[PDB]
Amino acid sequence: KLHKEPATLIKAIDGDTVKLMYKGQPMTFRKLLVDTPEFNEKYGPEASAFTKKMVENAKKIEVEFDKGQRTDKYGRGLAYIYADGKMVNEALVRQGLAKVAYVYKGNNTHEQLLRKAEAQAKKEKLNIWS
């Protein structure tokens, strides 16, 4: 069972990385099970803009850790990010602005949900999939 925890946006970084105040401290988060293009590749700025809008325009941001390792080696929180109850990781993939990433260290709870969204984006030849 996973639980959502409040966070506050500090700064949108790129498609799949964002900085938030979490449990009183600023922390950089990496979105679980997604890979957005780096800003200097195709759909990079598109993925960055999408995430940025979602997190800035949200009234409530939440972070949901999975059951695996909670930080990568670069110190980034590994989480599912929600803006107003809506999962940003999922939205990226469904919009075809991110691919589903390999499972990292037991963090697989929403893998099927995301592969589902990705198959549909691909079926629609949407963005990355055009």
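Quick note: we count residues from 1 along the sequence shown, nothing fancier.
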> Mean CA B-factor: is it higher for 33-41 or for 64-72?
Replying inline: 33-41
>> For the chain shown, is the CA B-factor of residue 108 in the lowest, middle or highest third of its modelled residues?
In response: middle
> residue 117's Cα B-factor: lowest, middle or highest third of the chain?
Replying inline: lowest
>> Quick check on the deposited entry: does the C-alpha B-factor of residue 83 sit in the lowest, middle or highest third of its chain?
In response: lowest
>> Can you tell me whether residue 54 has a C-alpha B-factor in the lowest, middle or highest third compared with the other modelled residues of the same chain?
In response: highest
> Taking the C-alpha B-factors as the PDB entry records them, is residue 47 in the lowest, middle or highest third of its chain?
Replying inline: highest
